[PDB]
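Engineer: Structure incoming, see below.
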2 protein chains.
Amino acid sequence: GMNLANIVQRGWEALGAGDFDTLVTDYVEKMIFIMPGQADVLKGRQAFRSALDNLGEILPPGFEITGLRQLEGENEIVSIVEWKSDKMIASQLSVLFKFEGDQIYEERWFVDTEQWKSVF
Amino acid sequence: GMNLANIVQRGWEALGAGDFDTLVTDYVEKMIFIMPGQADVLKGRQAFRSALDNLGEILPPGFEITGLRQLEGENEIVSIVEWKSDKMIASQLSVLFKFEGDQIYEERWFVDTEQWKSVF
């Protein structure tokens with residue numbers, strides 16, 4: 001099949017570029033997006049695409065990825081994301097992507113939420 | 001060399017069993033433990049071993065792992081940990097382990113800290 005780590009990598013670029021229409025083609029319709037906290041569970045690709053139109057307020061001011069790498073599981077990928085922002089000199093988060101075939105059905109962020117919320 | 005995912009797996013068991021003396025042999029002396037938040041950075045294997053003597057208060061009351069799997073990178077491993085506790089019906093966290101040779105030098109937890117702190 002298609003290489004999953006590559007799918008993930010290219011999606012970080014699409015996200016960064018605001019190419020949301022392209023980005024969402026990587027996902028199934030009945031996807032779930034868990035972000036930023038474990039209790040923040042959004043269902044469905046249309047709802048995800050909608051939330052992306054407010055990304056500028058979902059990611060903190062000046063959010064920038066400074067390091068990125070992918071780890072591999074069984075039809076799933078984890079990104080380790082090194083980042084900074086206007087109010088954060090350096091931090092890290094991780095994101096799990098589970099795939100149904102070659103499309104993402106679960107995107108689950110593991111974020112220090114106390115820290116995250118403080119940098120908006 | 002020794003299999004890193006196996007090292008990680010066996011360490012979750014040692015931790016669960018309170019076999020801290022065995023557990024810490026997996027780590028280098030100049031290790032760092034980032035847990036539960038990204039700003040919670042503890043340096044050194046003796047300091048880590050010391051903190052383990054208060055594990056009962058570092059993990060929430062009734063903390064129990066219900067799912068576990070390992071993803072692989074370049075001399076590093078990520079655990080996805082599905083868990084529950086007295087005050088949590090179900091949650092997930094992840095842990096990155098980076099290795100110097102076959103020993104861990106960085107253990108970095110990615111935890112929803114708002115949620116985590118509430119279940120103590």
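Chain labels run A, B, ... following the order of the structure tokens; each chain numbers its residues from 1, and ligands are numbered from 1 in the order shown.
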Pull the alpha helix (DSSP H) assignments for chain B out of DSSP run on the backbone, and list those residues as a ChimeraX atom specification.

Structural biologist: /B:4-17,20-23,45-52,55-58,113-118

Engineer: Using C-alpha atoms, can you write the selected residues to a file as a PDB file, in the first residue's frame?

Structural biologist:
```pdb
ATOM      1  CA  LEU B   4      14.673  -1.976  22.592  1.00  0.00           C
ATOM      2  CA  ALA B   5      10.935  -2.572  22.449  1.00  0.00           C
ATOM      3  CA  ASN B   6      11.454  -5.559  24.722  1.00  0.00           C
ATOM      4  CA  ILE B   7      13.465  -3.451  27.152  1.00  0.00           C
ATOM      5  CA  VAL B   8      10.562  -0.989  27.300  1.00  0.00           C
ATOM      6  CA  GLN B   9       7.925  -3.701  27.772  1.00  0.00           C
ATOM      7  CA  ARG B  10       9.794  -5.402  30.569  1.00  0.00           C
ATOM      8  CA  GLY B  11      10.308  -2.029  32.274  1.00  0.00           C
ATOM      9  CA  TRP B  12       6.528  -1.393  32.427  1.00  0.00           C
ATOM     10  CA  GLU B  13       6.291  -4.736  34.248  1.00  0.00           C
ATOM     11  CA  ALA B  14       9.113  -3.883  36.650  1.00  0.00           C
ATOM     12  CA  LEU B  15       7.443  -0.563  37.363  1.00  0.00           C
ATOM     13  CA  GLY B  16       4.124  -2.258  37.977  1.00  0.00           C
ATOM     14  CA  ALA B  17       5.765  -4.784  40.269  1.00  0.00           C
ATOM     15  CA  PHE B  20      12.757  -0.418  41.018  1.00  0.00           C
ATOM     16  CA  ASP B  21      16.258  -1.704  41.573  1.00  0.00           C
ATOM     17  CA  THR B  22      15.924  -3.852  38.454  1.00  0.00           C
ATOM     18  CA  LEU B  23      14.147  -1.147  36.479  1.00  0.00           C
ATOM     19  CA  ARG B  45      19.446   8.225  37.699  1.00  0.00           C
ATOM     20  CA  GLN B  46      19.794   8.556  41.516  1.00  0.00           C
ATOM     21  CA  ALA B  47      17.164  11.318  41.523  1.00  0.00           C
ATOM     22  CA  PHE B  48      14.905   9.124  39.372  1.00  0.00           C
ATOM     23  CA  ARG B  49      15.401   6.126  41.661  1.00  0.00           C
ATOM     24  CA  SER B  50      14.587   8.368  44.634  1.00  0.00           C
ATOM     25  CA  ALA B  51      11.369   9.607  43.036  1.00  0.00           C
ATOM     26  CA  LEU B  52      10.307   6.003  42.439  1.00  0.00           C
ATOM     27  CA  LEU B  55       5.479   6.240  42.957  1.00  0.00           C
ATOM     28  CA  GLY B  56       2.297   5.477  44.848  1.00  0.00           C
ATOM     29  CA  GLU B  57       1.790   9.275  44.870  1.00  0.00           C
ATOM     30  CA  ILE B  58       3.179   9.976  41.382  1.00  0.00           C
ATOM     31  CA  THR B 113      -1.787  17.230  32.438  1.00  0.00           C
ATOM     32  CA  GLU B 114      -5.117  18.988  33.162  1.00  0.00           C
ATOM     33  CA  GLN B 115      -6.758  15.595  33.167  1.00  0.00           C
ATOM     34  CA  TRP B 116      -3.890  13.849  34.952  1.00  0.00           C
ATOM     35  CA  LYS B 117      -3.832  16.198  37.921  1.00  0.00           C
ATOM     36  CA  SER B 118      -7.571  15.871  38.428  1.00  0.00           C
TER      37      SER B 118
END
```

Engineer: Please identify every residue of chain B that has at least one atom no more than 7 Å from any atom of chain A, counting only C-alpha atoms, and report them as an mmCIF file with N, CA and C atoms, in the first residue's frame.

Structural biologist:
```
data_model
loop_
_atom_site.group_PDB
_atom_site.id
_atom_site.type_symbol
_atom_site.label_atom_id
_atom_site.label_comp_id
_atom_site.auth_asym_id
_atom_site.auth_seq_id
_atom_site.Cartn_x
_atom_site.Cartn_y
_atom_site.Cartn_z
ATOM 1 N N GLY B 37 4.509 16.689 33.056
ATOM 2 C CA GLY B 37 4.524 17.819 32.131
ATOM 3 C C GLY B 37 5.876 18.049 31.477
ATOM 4 N N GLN B 38 5.873 18.840 30.404
ATOM 5 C CA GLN B 38 7.114 19.132 29.670
ATOM 6 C C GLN B 38 8.090 20.019 30.484
ATOM 7 N N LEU B 71 5.873 1.489 19.513
ATOM 8 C CA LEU B 71 6.221 1.914 18.152
ATOM 9 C C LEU B 71 7.727 2.201 18.111
ATOM 10 N N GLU B 72 8.312 1.985 16.952
ATOM 11 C CA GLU B 72 9.772 1.992 16.814
ATOM 12 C C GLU B 72 10.296 3.130 15.983
ATOM 13 N N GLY B 73 11.355 3.762 16.486
ATOM 14 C CA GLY B 73 12.115 4.760 15.749
ATOM 15 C C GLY B 73 13.593 4.353 15.701
ATOM 16 N N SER B 91 -8.396 6.452 29.752
ATOM 17 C CA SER B 91 -7.637 7.503 29.115
ATOM 18 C C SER B 91 -6.420 6.849 28.437
ATOM 19 N N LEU B 93 -2.081 7.835 27.334
ATOM 20 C CA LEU B 93 -0.933 8.718 27.344
ATOM 21 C C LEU B 93 0.139 8.051 26.482
ATOM 22 N N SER B 94 1.177 8.789 26.168
ATOM 23 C CA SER B 94 2.308 8.170 25.486
ATOM 24 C C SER B 94 3.609 8.490 26.194
ATOM 25 N N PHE B 110 4.194 12.187 27.432
ATOM 26 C CA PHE B 110 3.246 13.096 26.812
ATOM 27 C C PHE B 110 1.863 12.818 27.409
ATOM 28 N N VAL B 111 1.473 13.692 28.308
ATOM 29 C CA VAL B 111 0.309 13.470 29.216
ATOM 30 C C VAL B 111 -0.582 14.714 29.122
ATOM 31 N N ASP B 112 -1.898 14.488 29.000
ATOM 32 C CA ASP B 112 -2.889 15.559 29.239
ATOM 33 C C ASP B 112 -2.864 15.844 30.722
ATOM 34 N N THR B 113 -2.075 16.862 31.065
ATOM 35 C CA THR B 113 -1.787 17.230 32.438
ATOM 36 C C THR B 113 -2.999 17.795 33.183
ATOM 37 N N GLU B 114 -3.869 18.566 32.518
ATOM 38 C CA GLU B 114 -5.117 18.988 33.162
ATOM 39 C C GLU B 114 -5.921 17.812 33.642
#
```

Engineer: Looking at only C-alpha atoms, which of B:104, B:2, B:34, B:81 is the one that sits closest to residue 66 in chain B?

Structural biologist: B:81

Engineer: Report, in Å with one decimal, the straight-line distance from CA of residue 97 in chain A to CA of residue 3 in chain A.

Structural biologist: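 Separation of CA of residue 97 in chain A and CA of residue 3 in chain A: 13.0 Å.
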
Engineer: Could you check which of B:85, B:75, B:18, B:53 is closest to residue 103 in chain B, using only C-alpha atoms?

Structural biologist: B:75

Engineer: CA of residue 83 in chain B to CA of residue 64 in chain B: how many Å, to one decimal?

Structural biologist: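 Distance reported for this atom pair: 5.6 Å.
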
Engineer: From the DSSP assignment of the backbone, select every residue of chain B that is strand (DSSP E), and format the answer as number ranges by chain.

Structural biologist: B: 27-34, 41-43, 64-72, 76-85, 88-100, 103-110
